[PDB]
Ligand SMILES: [Ca+2]
Ligand SMILES: [Ca+2]
Ligand SMILES: [Ca+2]
Ligand SMILES: [Ca+2]
Ligand SMILES: [Ca+2]
Ligand SMILES: [Ca+2]
Ligand SMILES: [Ca+2]
C-alpha cells in the first residue's frame, strides 16, 4: 500500500499482500486465479491474527496449523481426538449435517479431514 | 497529441462532427460508464 | 433347468391373517401367465462373459410388481423403497422409519406407500395404486448402533389392494431354498429409482432417475466380504455385486434403500427375494459392493406378528 510509486513497478504478492497491509484489489490484481484468490482471502481473514510478523503470515500460508478456532487448517488429519473415524462432511451417513459442504464451501472440505 | 488540431463546430468551442441526420441539426455524442473491476468483481452492490 | 420336475410352493403362512393369494407370489399376468421372458433374463447365469460390470438398464413395463415406494405424507418428499411380501403386509427398512440421530422419528400416520409406479414424477391413475400405513412392527433385534444389523420393519395397510399386473407380492425363500439358490450361482436383481444414492451419498452428477431402474448384481465370497469392510458384518447381512476395479466405482448405490433383492428361481419359475437392500459401504466408500440384509430365516417370526391380529 505504502511507497506510492509501487503501482508502476512490477509487484510481489509477498511485497504487497504479505510484508504490507494490502488491498484485496492489489490482491485481486495479482491473483486473478479467483479460486486461489478466495484461498488467499481466506488466508488473510484467518491470518487476521497472523498479519504480523512476516514469517507468521508465511506459516499461515502453509496452513498446517489451525488459527484460533481452526478456520484455516488445511492438513491431512482426518481423525477425531479419540481415534473415531471422521464422517464425510457432505454425506448424510450417519447424520445429515445442517453445517456441511453446501454451507461451508470455502473451508476446502476434503474427504474427512 | 504533439501537433494535433481539430476545428471547432459549435459556438462554445466544443469539437464534434455535425452529422447529417434529418439535417445538420443534431450532434452525435454518446455516453459510456465504468466501475471498478476488482473492487466490484466478486460482489455486486448494483455495481454503481 | 426344471423339466418335468416342478417344485411346488409350500404355504408356510396361514391365509387368514397373512392374506389370500399367497400361492401366487411373484407371478406377473403379463409375463408369468403367458411364459413371456424379459429381455434382461439372458444374464442370469454367473457363467456369463468374463463378468464385466454391466451399466444400469431401464426396466420393462410391469416387471417390478413387488417394488414399493415409501413416500413422506407431508410435505412432498420421496423417502425410501420397500418390498411387497403379501397383499396386506409390506416390508421396509427400519432406518427409513426410526433414526433419532437423523432427526427422523416417524409414526404410523406420517408416511405412505405407492405400489405399481412407473415414473416417480408422473401420475398414471389406472395402473398404479397408493396406500396409507396403519400399523408398524419393529423387530427387537434391529441393531442400528453398531452395523445396522437386521434392517427390518413391517407395515400393515388399512385398505387392502387387490392383485394386478403391476402390483404382486414376491415369494419368500426359506433357509434350504436360499442355500440352494445361492449355491446355484444366479445373479440377484435390485429395483429402485436412485433414492438410496440421494439419501446416503452427496454424489451430484448422476441425477435421481424418475424411471424404474434395475441392476443385476451377483454374490461374492463371505470371508472377502468381511475383509472388504473395517466395520463388523453379521451373518444377517451379505455382500452382492461385482468387484469395482480401481479407476471406477461400482453401481452398488443404485436404486432405492429398503427395496428388494430378487432372483428368478430356476426350479419353480418364481422370483424369490433374498432380503432387503440395506445401507452398505457401496454408497459411502468407493471400491465396495452392495450389502443386503437377510430376511429369509424369519418365516417362524412372520406368523408371530399375525398371531397378534388373529381376532
Ligand atoms: Ca505498497
Ligand atoms: Ca500498494
Ligand atoms: Ca517497500
Ligand atoms: Ca495495481
Ligand atoms: Ca501492485
Ligand atoms: Ca520480501
Ligand atoms: Ca483493478
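The residues of chain A that appear here are 44-156 by Swiss-Prot count, in order.
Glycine is treated like the rest: Cβ placed from N, Cα and C.
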Where Swiss-Prot places 4-carboxyglutamate when the choices are A:63, A:105: A:63
Position flagged as 4-carboxyglutamate [Swiss-Prot], chosen from A:57, A:110, A:128: A:57
Swiss-Prot annotation, 4-carboxyglutamate - which of A:62, A:91: A:62
Spatial neighbours of residue A:65 (disulfide bond) among the modified residues A:50, A:59, A:72 [C-alpha, 10 Å]: A:59
Least Cβ-crowded entry, counting other Cβ within 10 Å, from the disulfide-bonded residues listed as A:60, A:65, A:90, A:103: A:65
CB contacts for residue A:69 (4-carboxyglutamate) [other CB atoms within 10 A, all chains]: 18
Entries of A:57, A:68, A:72, A:75, A:143 (recorded positions) sitting next to ligand 2, with Cβ under 6 Å as the cut-off: none
Members of the recorded positions set A:60, A:62, A:90 whose C-beta sits under 8 angstroms from chain B: none
Candidates A:68, A:72, A:90, A:143, namely the recorded positions, that fall within 10 Å of residue A:59 (4-carboxyglutamate) by Cα distance: none
